[PDB]
file entry-v4.cif (mmCIF, C-alpha atoms)
data_structure
#
loop_
_atom_site.label_atom_id
_atom_site.label_comp_id
_atom_site.auth_asym_id
_atom_site.auth_seq_id
_atom_site.Cartn_x
_atom_site.Cartn_y
_atom_site.Cartn_z
CA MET A 1 -33.63 122.06 19.87
CA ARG A 2 -35.04 118.68 18.81
CA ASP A 3 -37.11 115.80 20.25
CA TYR A 4 -35.12 113.44 22.43
CA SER A 5 -36.96 110.12 22.04
CA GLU A 8 -30.32 106.63 22.27
CA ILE A 9 -27.01 107.58 23.94
CA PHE A 10 -27.48 105.03 26.71
CA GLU A 11 -27.56 101.36 25.78
CA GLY A 12 -25.58 101.35 22.53
CA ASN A 13 -24.22 98.48 20.45
CA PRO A 14 -21.11 99.05 18.23
CA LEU A 15 -21.67 95.95 16.13
CA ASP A 16 -25.25 96.82 15.26
CA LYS A 17 -24.07 100.14 13.82
CA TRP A 18 -21.33 98.43 11.90
CA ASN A 19 -24.00 96.17 10.38
CA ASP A 20 -26.35 99.11 9.49
CA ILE A 21 -23.46 100.92 7.85
CA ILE A 22 -22.30 97.81 5.95
CA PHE A 23 -25.84 97.13 4.63
CA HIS A 24 -26.88 100.74 3.94
CA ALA A 25 -23.75 102.10 2.33
CA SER A 26 -23.04 101.98 -1.39
CA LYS A 27 -22.92 98.29 -2.40
CA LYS A 28 -19.65 99.14 -4.13
CA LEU A 29 -18.00 100.40 -0.96
CA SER A 30 -19.35 97.73 1.39
CA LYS A 31 -18.17 95.08 -1.10
CA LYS A 32 -14.65 96.55 -1.27
CA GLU A 33 -14.47 96.76 2.59
CA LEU A 34 -15.68 93.22 3.02
CA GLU A 35 -13.10 91.91 0.53
CA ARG A 36 -10.38 93.85 2.40
CA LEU A 37 -11.34 92.11 5.68
CA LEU A 38 -11.55 88.68 3.97
CA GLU A 39 -8.07 89.10 2.43
CA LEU A 40 -6.61 90.28 5.73
CA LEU A 41 -8.10 87.27 7.48
CA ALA A 42 -6.67 84.92 4.79
CA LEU A 43 -3.30 86.69 5.33
CA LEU A 44 -3.34 86.31 9.10
CA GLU A 45 -4.40 82.66 8.86
CA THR A 46 -1.71 81.84 6.29
CA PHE A 47 0.95 83.67 8.38
CA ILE A 48 0.08 81.68 11.50
CA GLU A 49 0.50 78.51 9.48
CA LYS A 50 3.80 79.35 7.81
CA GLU A 51 5.03 80.35 11.27
CA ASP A 52 3.62 77.03 12.44
CA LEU A 53 1.87 78.75 15.33
CA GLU A 54 -1.39 76.97 14.55
CA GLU A 55 -1.30 75.04 17.85
CA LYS A 56 -0.12 78.20 19.64
CA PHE A 57 -3.20 80.08 18.31
CA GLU A 58 -5.66 77.29 19.12
CA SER A 59 -4.32 77.37 22.72
CA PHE A 60 -4.50 81.17 22.84
CA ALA A 61 -8.04 81.12 21.40
CA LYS A 62 -8.78 78.49 24.00
CA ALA A 63 -7.08 80.47 26.79
CA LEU A 64 -9.67 83.22 26.28
CA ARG A 65 -12.71 81.63 27.91
CA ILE A 66 -10.80 81.78 31.26
CA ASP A 67 -8.75 84.98 30.74
CA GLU A 68 -10.52 88.33 31.31
CA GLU A 69 -8.26 91.22 30.39
CA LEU A 70 -7.90 89.44 27.06
CA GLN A 71 -11.64 89.15 26.40
CA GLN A 72 -12.07 92.87 27.11
CA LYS A 73 -9.10 93.27 24.81
CA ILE A 74 -10.41 91.51 21.68
CA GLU A 75 -13.67 93.36 22.42
CA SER A 76 -11.78 96.67 22.09
CA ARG A 77 -10.10 95.35 18.98
CA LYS A 78 -13.47 94.61 17.43
CA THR A 79 -14.41 98.24 18.04
CA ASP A 80 -11.19 99.52 16.43
CA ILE A 81 -11.84 97.33 13.41
CA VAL A 82 -15.41 98.56 13.13
CA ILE A 83 -14.16 102.18 13.31
CA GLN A 84 -11.54 101.56 10.58
CA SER A 85 -14.25 99.83 8.54
CA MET A 86 -16.61 102.80 8.84
CA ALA A 87 -13.75 105.25 8.16
CA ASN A 88 -12.87 103.42 4.89
CA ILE A 89 -16.48 103.54 3.66
CA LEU A 90 -16.59 107.22 4.61
CA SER A 91 -13.18 107.69 2.98
CA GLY A 92 -13.91 106.22 -0.43
CA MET B 1 -33.19 70.51 -20.92
CA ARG B 2 -32.89 74.27 -20.35
CA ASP B 3 -31.52 77.39 -22.09
CA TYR B 4 -27.78 77.80 -21.76
CA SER B 5 -27.29 81.58 -21.97
CA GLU B 8 -21.82 80.96 -16.86
CA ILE B 9 -19.44 78.08 -16.03
CA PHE B 10 -16.50 79.79 -17.71
CA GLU B 11 -15.26 83.06 -16.28
CA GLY B 12 -16.40 82.78 -12.65
CA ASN B 13 -15.59 84.92 -9.62
CA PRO B 14 -15.74 83.34 -6.09
CA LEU B 15 -15.84 86.67 -4.28
CA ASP B 16 -18.76 88.01 -6.28
CA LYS B 17 -20.83 84.98 -5.23
CA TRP B 18 -19.79 85.41 -1.64
CA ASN B 19 -21.04 89.01 -1.85
CA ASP B 20 -24.41 88.01 -3.48
CA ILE B 21 -24.93 85.40 -0.79
CA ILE B 22 -23.98 87.78 2.03
CA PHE B 23 -26.38 90.49 0.75
CA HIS B 24 -29.27 88.21 -0.30
CA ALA B 25 -29.41 85.83 2.63
CA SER B 26 -31.47 86.41 5.75
CA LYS B 27 -30.18 89.62 7.39
CA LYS B 28 -30.05 87.61 10.61
CA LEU B 29 -27.70 85.00 9.20
CA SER B 30 -25.45 87.36 7.24
CA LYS B 31 -25.13 89.50 10.40
CA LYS B 32 -24.14 86.51 12.54
CA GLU B 33 -21.57 85.35 9.91
CA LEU B 34 -20.07 88.80 9.60
CA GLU B 35 -19.71 89.11 13.39
CA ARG B 36 -18.02 85.67 13.45
CA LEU B 37 -15.43 86.85 10.89
CA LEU B 38 -14.90 90.18 12.74
CA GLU B 39 -14.32 88.38 16.07
CA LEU B 40 -11.94 85.90 14.46
CA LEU B 41 -9.99 88.75 12.91
CA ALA B 42 -9.83 90.55 16.30
CA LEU B 43 -8.60 87.23 17.79
CA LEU B 44 -5.89 86.70 15.19
CA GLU B 45 -4.72 90.31 15.48
CA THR B 46 -4.60 90.17 19.29
CA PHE B 47 -2.74 86.81 19.19
CA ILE B 48 -0.07 88.19 16.86
CA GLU B 49 0.44 91.04 19.28
CA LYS B 50 0.63 89.02 22.49
CA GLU B 51 3.08 86.77 20.66
CA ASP B 52 4.85 89.96 19.64
CA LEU B 53 4.97 88.79 16.04
CA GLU B 54 3.65 92.13 14.80
CA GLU B 55 6.92 92.92 12.98
CA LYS B 56 7.11 89.30 11.79
CA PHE B 57 3.61 89.66 10.23
CA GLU B 58 4.31 93.04 8.64
CA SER B 59 7.39 91.46 6.99
CA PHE B 60 5.40 88.39 5.91
CA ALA B 61 2.59 90.60 4.56
CA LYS B 62 5.32 92.56 2.83
CA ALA B 63 7.05 89.41 1.56
CA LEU B 64 3.93 88.61 -0.45
CA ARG B 65 4.25 91.12 -3.28
CA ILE B 66 7.42 89.23 -4.39
CA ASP B 67 6.50 85.66 -3.38
CA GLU B 68 4.20 83.68 -5.73
CA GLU B 69 3.29 80.34 -4.22
CA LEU B 70 2.16 82.38 -1.24
CA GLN B 71 -0.11 84.71 -3.22
CA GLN B 72 -1.79 81.72 -4.86
CA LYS B 73 -1.98 80.37 -1.32
CA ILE B 74 -3.86 83.22 0.39
CA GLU B 75 -6.04 83.21 -2.74
CA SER B 76 -6.99 79.58 -1.99
CA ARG B 77 -7.50 80.50 1.63
CA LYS B 78 -9.94 83.22 0.62
CA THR B 79 -11.91 80.57 -1.27
CA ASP B 80 -11.96 78.22 1.74
CA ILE B 81 -13.20 81.05 3.93
CA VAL B 82 -15.91 81.96 1.44
CA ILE B 83 -17.01 78.28 1.33
CA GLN B 84 -17.13 78.06 5.16
CA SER B 85 -19.04 81.35 5.16
CA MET B 86 -21.63 80.06 2.69
CA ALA B 87 -21.84 76.72 4.53
CA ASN B 88 -22.63 78.51 7.84
CA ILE B 89 -25.42 80.57 6.25
CA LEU B 90 -26.76 77.37 4.67
CA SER B 91 -26.29 75.59 8.00
CA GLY B 92 -28.21 77.97 10.24
#
call {"tool": "encode", "arguments": {"input": "entry-v4.cif", "output": "structure tokens"}}
result
Amino acid sequence: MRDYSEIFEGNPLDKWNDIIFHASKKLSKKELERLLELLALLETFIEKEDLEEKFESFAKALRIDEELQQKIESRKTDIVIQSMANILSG
Amino acid sequence: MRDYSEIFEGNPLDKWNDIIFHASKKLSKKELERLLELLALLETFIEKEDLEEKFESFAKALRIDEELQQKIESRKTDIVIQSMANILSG
């Protein structure tokens, strides 16, 4: 046994933050650079594809959409899980 | 005056890391969540636009391209600057 005094009321992003700030500074740095480079890649791709306006619309078609908000919310979770798996990996 | 004993040989990403890990944990957390949500947005957009293959090609057309590598490298710098400006802002 053990003393049960947090399954209910959980926040995925807060754990991602704890893990990023408590893991080896070498690993958290590498993971953060990975995410930064991916972002730069995605941004640059949208531009070369000249979908910049397309994306601004899409990003602006989110406030009113619903299945899409829930969607990027699930994507954030996947990213956090990949993040944590990489830090665990290395 | 002052003692001059780092203009030459500088690394943009190392400063971004110092700033992320030395700033208020409240501000670095907010900035990191911003980047994570943007990434989730960009990923989700590429998918709804069904450009997933298009992006994998593009991301794979980088190893051989050159003006594009230098390009995402400049984009990383812009992102780091925006990052630092937000932490300074709030």
call {"tool": "residues_around", "arguments": {"input": "entry-v4.cif", "residues": "residue 64 of chain A", "least_positions_apart": "4", "cutoff": "12 Å", "atoms": "all atoms listed in the file", "output": "PyMOL selection string"}}
result
(chain A and resi 57-60+68-75) or (chain B and resi 43+46-47)
call {"tool": "resolve_selection", "arguments": {"input": "entry-v4.cif", "expression": "the PyMOL selection byres ((chain A) within 6 of (chain B))", "output": "list in words"}}
result
residues 41, 42, 74, 77 and 78 of chain A
call {"tool": "closest_residue", "arguments": {"input": "entry-v4.cif", "among": "B:52, B:92, B:9, B:85", "to": "residue 36 of chain B", "atoms": "all atoms listed in the file"}}
result
B:85
call {"tool": "axis_aligned_box", "arguments": {"input": "entry-v4.cif", "around": "segment 10-16 of chain B", "padding_each_side": "4 Å", "output": "AutoDock Vina command-line options"}}
result
--center_x -17.0 --center_y 83.9 --center_z -11.0 --size_x 11.5 --size_y 16.2 --size_z 21.4
call {"tool": "calpha_fit_and_write", "arguments": {"input": "entry-v4.cif", "fixed": "chain B", "moving": "chain A", "output": "mmCIF file with C-alpha atoms, keeping the file's coordinate frame"}}
result
data_model
loop_
_atom_site.group_PDB
_atom_site.id
_atom_site.type_symbol
_atom_site.label_atom_id
_atom_site.label_comp_id
_atom_site.auth_asym_id
_atom_site.auth_seq_id
_atom_site.Cartn_x
_atom_site.Cartn_y
_atom_site.Cartn_z
ATOM 1 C CA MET A 1 -33.187 70.513 -20.923
ATOM 2 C CA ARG A 2 -32.889 74.271 -20.353
ATOM 3 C CA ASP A 3 -31.519 77.388 -22.101
ATOM 4 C CA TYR A 4 -27.778 77.801 -21.759
ATOM 5 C CA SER A 5 -27.288 81.580 -21.963
ATOM 6 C CA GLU A 8 -21.818 80.956 -16.863
ATOM 7 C CA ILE A 9 -19.441 78.074 -16.030
ATOM 8 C CA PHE A 10 -16.503 79.785 -17.713
ATOM 9 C CA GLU A 11 -15.266 83.062 -16.274
ATOM 10 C CA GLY A 12 -16.401 82.785 -12.652
ATOM 11 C CA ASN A 13 -15.592 84.918 -9.618
ATOM 12 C CA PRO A 14 -15.740 83.342 -6.094
ATOM 13 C CA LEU A 15 -15.838 86.666 -4.284
ATOM 14 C CA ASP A 16 -18.764 88.006 -6.277
ATOM 15 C CA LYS A 17 -20.833 84.988 -5.228
ATOM 16 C CA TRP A 18 -19.791 85.413 -1.643
ATOM 17 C CA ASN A 19 -21.049 89.007 -1.852
ATOM 18 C CA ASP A 20 -24.413 88.009 -3.478
ATOM 19 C CA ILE A 21 -24.930 85.393 -0.793
ATOM 20 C CA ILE A 22 -23.981 87.786 2.035
ATOM 21 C CA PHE A 23 -26.384 90.485 0.739
ATOM 22 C CA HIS A 24 -29.271 88.209 -0.299
ATOM 23 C CA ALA A 25 -29.407 85.832 2.629
ATOM 24 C CA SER A 26 -31.472 86.413 5.752
ATOM 25 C CA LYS A 27 -30.172 89.620 7.387
ATOM 26 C CA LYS A 28 -30.051 87.618 10.610
ATOM 27 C CA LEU A 29 -27.703 85.000 9.200
ATOM 28 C CA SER A 30 -25.449 87.363 7.247
ATOM 29 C CA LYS A 31 -25.126 89.502 10.399
ATOM 30 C CA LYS A 32 -24.145 86.503 12.550
ATOM 31 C CA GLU A 33 -21.564 85.355 9.905
ATOM 32 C CA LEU A 34 -20.076 88.800 9.598
ATOM 33 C CA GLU A 35 -19.709 89.109 13.385
ATOM 34 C CA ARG A 36 -18.023 85.672 13.454
ATOM 35 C CA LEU A 37 -15.421 86.854 10.897
ATOM 36 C CA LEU A 38 -14.901 90.179 12.743
ATOM 37 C CA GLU A 39 -14.318 88.379 16.071
ATOM 38 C CA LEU A 40 -11.941 85.895 14.460
ATOM 39 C CA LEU A 41 -9.989 88.748 12.914
ATOM 40 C CA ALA A 42 -9.823 90.556 16.306
ATOM 41 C CA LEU A 43 -8.600 87.225 17.788
ATOM 42 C CA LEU A 44 -5.889 86.698 15.193
ATOM 43 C CA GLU A 45 -4.716 90.309 15.483
ATOM 44 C CA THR A 46 -4.599 90.176 19.289
ATOM 45 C CA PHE A 47 -2.739 86.810 19.188
ATOM 46 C CA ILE A 48 -0.068 88.188 16.861
ATOM 47 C CA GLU A 49 0.441 91.043 19.290
ATOM 48 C CA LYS A 50 0.624 89.019 22.493
ATOM 49 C CA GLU A 51 3.080 86.767 20.655
ATOM 50 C CA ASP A 52 4.846 89.966 19.642
ATOM 51 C CA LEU A 53 4.973 88.797 16.037
ATOM 52 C CA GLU A 54 3.652 92.134 14.801
ATOM 53 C CA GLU A 55 6.920 92.923 12.979
ATOM 54 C CA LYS A 56 7.106 89.299 11.791
ATOM 55 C CA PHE A 57 3.611 89.653 10.226
ATOM 56 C CA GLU A 58 4.306 93.042 8.639
ATOM 57 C CA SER A 59 7.392 91.458 6.988
ATOM 58 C CA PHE A 60 5.405 88.395 5.914
ATOM 59 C CA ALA A 61 2.595 90.602 4.559
ATOM 60 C CA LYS A 62 5.318 92.558 2.832
ATOM 61 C CA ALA A 63 7.063 89.408 1.558
ATOM 62 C CA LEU A 64 3.926 88.604 -0.453
ATOM 63 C CA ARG A 65 4.243 91.119 -3.281
ATOM 64 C CA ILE A 66 7.426 89.238 -4.390
ATOM 65 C CA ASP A 67 6.497 85.657 -3.376
ATOM 66 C CA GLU A 68 4.208 83.687 -5.733
ATOM 67 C CA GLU A 69 3.282 80.343 -4.226
ATOM 68 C CA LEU A 70 2.156 82.384 -1.232
ATOM 69 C CA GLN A 71 -0.111 84.714 -3.216
ATOM 70 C CA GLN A 72 -1.791 81.711 -4.855
ATOM 71 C CA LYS A 73 -1.978 80.366 -1.330
ATOM 72 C CA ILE A 74 -3.860 83.210 0.395
ATOM 73 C CA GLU A 75 -6.043 83.210 -2.741
ATOM 74 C CA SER A 76 -6.986 79.578 -1.994
ATOM 75 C CA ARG A 77 -7.505 80.503 1.627
ATOM 76 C CA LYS A 78 -9.942 83.216 0.621
ATOM 77 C CA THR A 79 -11.912 80.575 -1.270
ATOM 78 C CA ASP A 80 -11.959 78.217 1.737
ATOM 79 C CA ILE A 81 -13.196 81.048 3.926
ATOM 80 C CA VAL A 82 -15.907 81.952 1.442
ATOM 81 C CA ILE A 83 -17.005 78.281 1.328
ATOM 82 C CA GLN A 84 -17.137 78.055 5.154
ATOM 83 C CA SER A 85 -19.040 81.353 5.163
ATOM 84 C CA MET A 86 -21.626 80.063 2.686
ATOM 85 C CA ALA A 87 -21.845 76.716 4.529
ATOM 86 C CA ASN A 88 -22.630 78.513 7.841
ATOM 87 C CA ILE A 89 -25.424 80.569 6.252
ATOM 88 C CA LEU A 90 -26.753 77.378 4.668
ATOM 89 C CA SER A 91 -26.294 75.593 8.001
ATOM 90 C CA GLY A 92 -28.209 77.962 10.247
#
call {"tool": "atom_distance", "arguments": {"input": "entry-v4.cif", "atom1": "atom CA of residue 17 of chain B", "atom2": "atom CA of residue 2 of chain B"}}
result
22.1 Å
call {"tool": "atom_distance", "arguments": {"input": "entry-v4.cif", "atom1": "atom CA of residue 14 of chain A", "atom2": "atom CA of residue 86 of chain A"}}
result
11.1 Å
call {"tool": "atom_distance", "arguments": {"input": "entry-v4.cif", "atom1": "atom CA of residue 89 of chain B", "atom2": "atom CA of residue 26 of chain B"}}
result
8.4 Å
call {"tool": "decode", "arguments": {"input": "entry-v4.cif", "residues": "segment 1-27 of chain B", "atoms": "N, CA, C and O atoms", "output": "PDB file, in the first residue's frame"}}
result
ATOM      1  N   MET B   1      35.740  52.585 -18.672  1.00  0.00           N
ATOM      2  CA  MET B   1      36.309  51.310 -19.210  1.00  0.00           C
ATOM      3  C   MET B   1      35.814  50.063 -18.476  1.00  0.00           C
ATOM      4  O   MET B   1      34.930  50.132 -17.620  1.00  0.00           O
ATOM      5  N   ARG B   2      36.403  48.924 -18.822  1.00  0.00           N
ATOM      6  CA  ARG B   2      36.058  47.640 -18.223  1.00  0.00           C
ATOM      7  C   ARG B   2      37.049  46.596 -18.751  1.00  0.00           C
ATOM      8  O   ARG B   2      37.772  46.861 -19.719  1.00  0.00           O
ATOM      9  N   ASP B   3      37.105  45.425 -18.118  1.00  0.00           N
ATOM     10  CA  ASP B   3      38.030  44.381 -18.564  1.00  0.00           C
ATOM     11  C   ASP B   3      37.430  43.520 -19.663  1.00  0.00           C
ATOM     12  O   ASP B   3      36.376  42.903 -19.493  1.00  0.00           O
ATOM     13  N   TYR B   4      38.121  43.483 -20.794  1.00  0.00           N
ATOM     14  CA  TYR B   4      37.664  42.721 -21.942  1.00  0.00           C
ATOM     15  C   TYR B   4      38.259  41.312 -22.031  1.00  0.00           C
ATOM     16  O   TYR B   4      39.162  41.049 -22.833  1.00  0.00           O
ATOM     17  N   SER B   5      37.719  40.407 -21.212  1.00  0.00           N
ATOM     18  CA  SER B   5      38.181  39.022 -21.164  1.00  0.00           C
ATOM     19  C   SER B   5      37.044  38.014 -20.955  1.00  0.00           C
ATOM     20  O   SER B   5      37.038  37.339 -19.896  1.00  0.00           O
ATOM     21  N   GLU B   8      33.417  38.636 -25.576  1.00  0.00           N
ATOM     22  CA  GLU B   8      32.948  37.414 -26.305  1.00  0.00           C
ATOM     23  C   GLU B   8      32.188  37.736 -27.603  1.00  0.00           C
ATOM     24  O   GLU B   8      31.320  36.969 -28.030  1.00  0.00           O
ATOM     25  N   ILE B   9      32.523  38.855 -28.237  1.00  0.00           N
ATOM     26  CA  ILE B   9      31.845  39.271 -29.461  1.00  0.00           C
ATOM     27  C   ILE B   9      32.031  38.259 -30.574  1.00  0.00           C
ATOM     28  O   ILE B   9      31.081  37.910 -31.284  1.00  0.00           O
ATOM     29  N   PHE B  10      33.268  37.794 -30.723  1.00  0.00           N
ATOM     30  CA  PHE B  10      33.614  36.808 -31.743  1.00  0.00           C
ATOM     31  C   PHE B  10      33.200  35.438 -31.234  1.00  0.00           C
ATOM     32  O   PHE B  10      33.202  35.187 -30.025  1.00  0.00           O
ATOM     33  N   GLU B  11      32.836  34.554 -32.153  1.00  0.00           N
ATOM     34  CA  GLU B  11      32.434  33.211 -31.765  1.00  0.00           C
ATOM     35  C   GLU B  11      31.224  33.285 -30.821  1.00  0.00           C
ATOM     36  O   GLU B  11      31.358  33.164 -29.596  1.00  0.00           O
ATOM     37  N   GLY B  12      30.049  33.516 -31.405  1.00  0.00           N
ATOM     38  CA  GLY B  12      28.822  33.588 -30.625  1.00  0.00           C
ATOM     39  C   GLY B  12      27.823  32.534 -31.092  1.00  0.00           C
ATOM     40  O   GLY B  12      27.841  32.125 -32.261  1.00  0.00           O
ATOM     41  N   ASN B  13      26.958  32.077 -30.188  1.00  0.00           N
ATOM     42  CA  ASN B  13      25.960  31.084 -30.553  1.00  0.00           C
ATOM     43  C   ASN B  13      24.580  31.491 -30.056  1.00  0.00           C
ATOM     44  O   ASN B  13      24.290  31.426 -28.865  1.00  0.00           O
ATOM     45  N   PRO B  14      23.705  31.911 -30.984  1.00  0.00           N
ATOM     46  CA  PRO B  14      22.320  32.358 -30.780  1.00  0.00           C
ATOM     47  C   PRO B  14      21.455  31.420 -29.946  1.00  0.00           C
ATOM     48  O   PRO B  14      20.687  31.864 -29.093  1.00  0.00           O
ATOM     49  N   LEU B  15      21.582  30.126 -30.206  1.00  0.00           N
ATOM     50  CA  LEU B  15      20.797  29.133 -29.503  1.00  0.00           C
ATOM     51  C   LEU B  15      21.206  28.941 -28.073  1.00  0.00           C
ATOM     52  O   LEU B  15      20.375  28.579 -27.238  1.00  0.00           O
ATOM     53  N   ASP B  16      22.483  29.161 -27.777  1.00  0.00           N
ATOM     54  CA  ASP B  16      22.948  28.990 -26.395  1.00  0.00           C
ATOM     55  C   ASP B  16      22.395  30.110 -25.530  1.00  0.00           C
ATOM     56  O   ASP B  16      22.119  29.888 -24.355  1.00  0.00           O
ATOM     57  N   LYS B  17      22.213  31.295 -26.117  1.00  0.00           N
ATOM     58  CA  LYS B  17      21.685  32.445 -25.394  1.00  0.00           C
ATOM     59  C   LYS B  17      20.187  32.255 -25.196  1.00  0.00           C
ATOM     60  O   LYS B  17      19.611  32.654 -24.171  1.00  0.00           O
ATOM     61  N   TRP B  18      19.542  31.674 -26.199  1.00  0.00           N
ATOM     62  CA  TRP B  18      18.128  31.431 -26.079  1.00  0.00           C
ATOM     63  C   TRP B  18      17.915  30.468 -24.887  1.00  0.00           C
ATOM     64  O   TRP B  18      17.030  30.653 -24.079  1.00  0.00           O
ATOM     65  N   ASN B  19      18.745  29.440 -24.805  1.00  0.00           N
ATOM     66  CA  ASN B  19      18.660  28.487 -23.721  1.00  0.00           C
ATOM     67  C   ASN B  19      18.897  29.155 -22.319  1.00  0.00           C
ATOM     68  O   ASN B  19      18.131  28.926 -21.366  1.00  0.00           O
ATOM     69  N   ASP B  20      19.943  29.976 -22.204  1.00  0.00           N
ATOM     70  CA  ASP B  20      20.250  30.662 -20.948  1.00  0.00           C
ATOM     71  C   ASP B  20      19.061  31.493 -20.503  1.00  0.00           C
ATOM     72  O   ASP B  20      18.660  31.468 -19.326  1.00  0.00           O
ATOM     73  N   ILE B  21      18.517  32.248 -21.451  1.00  0.00           N
ATOM     74  CA  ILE B  21      17.365  33.096 -21.199  1.00  0.00           C
ATOM     75  C   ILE B  21      16.146  32.256 -20.812  1.00  0.00           C
ATOM     76  O   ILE B  21      15.441  32.598 -19.858  1.00  0.00           O
ATOM     77  N   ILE B  22      15.894  31.162 -21.525  1.00  0.00           N
ATOM     78  CA  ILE B  22      14.736  30.327 -21.185  1.00  0.00           C
ATOM     79  C   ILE B  22      14.859  29.744 -19.776  1.00  0.00           C
ATOM     80  O   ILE B  22      13.880  29.718 -19.049  1.00  0.00           O
ATOM     81  N   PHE B  23      16.059  29.297 -19.394  1.00  0.00           N
ATOM     82  CA  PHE B  23      16.284  28.679 -18.083  1.00  0.00           C
ATOM     83  C   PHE B  23      16.616  29.638 -16.921  1.00  0.00           C
ATOM     84  O   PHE B  23      16.608  29.236 -15.763  1.00  0.00           O
ATOM     85  N   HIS B  24      16.867  30.908 -17.215  1.00  0.00           N
ATOM     86  CA  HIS B  24      17.187  31.860 -16.158  1.00  0.00           C
ATOM     87  C   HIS B  24      16.092  32.875 -15.912  1.00  0.00           C
ATOM     88  O   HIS B  24      16.071  33.551 -14.878  1.00  0.00           O
ATOM     89  N   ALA B  25      15.169  32.986 -16.855  1.00  0.00           N
ATOM     90  CA  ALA B  25      14.071  33.923 -16.682  1.00  0.00           C
ATOM     91  C   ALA B  25      13.071  33.364 -15.685  1.00  0.00           C
ATOM     92  O   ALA B  25      13.157  32.209 -15.271  1.00  0.00           O
ATOM     93  N   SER B  26      12.119  34.211 -15.318  1.00  0.00           N
ATOM     94  CA  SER B  26      11.041  33.839 -14.413  1.00  0.00           C
ATOM     95  C   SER B  26      10.411  32.561 -14.977  1.00  0.00           C
ATOM     96  O   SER B  26      10.101  32.499 -16.165  1.00  0.00           O
ATOM     97  N   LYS B  27      10.246  31.554 -14.123  1.00  0.00           N
ATOM     98  CA  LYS B  27       9.655  30.268 -14.504  1.00  0.00           C
ATOM     99  C   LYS B  27       8.235  30.443 -15.024  1.00  0.00           C
ATOM    100  O   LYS B  27       7.703  29.570 -15.708  1.00  0.00           O
TER     101      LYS B  27
END
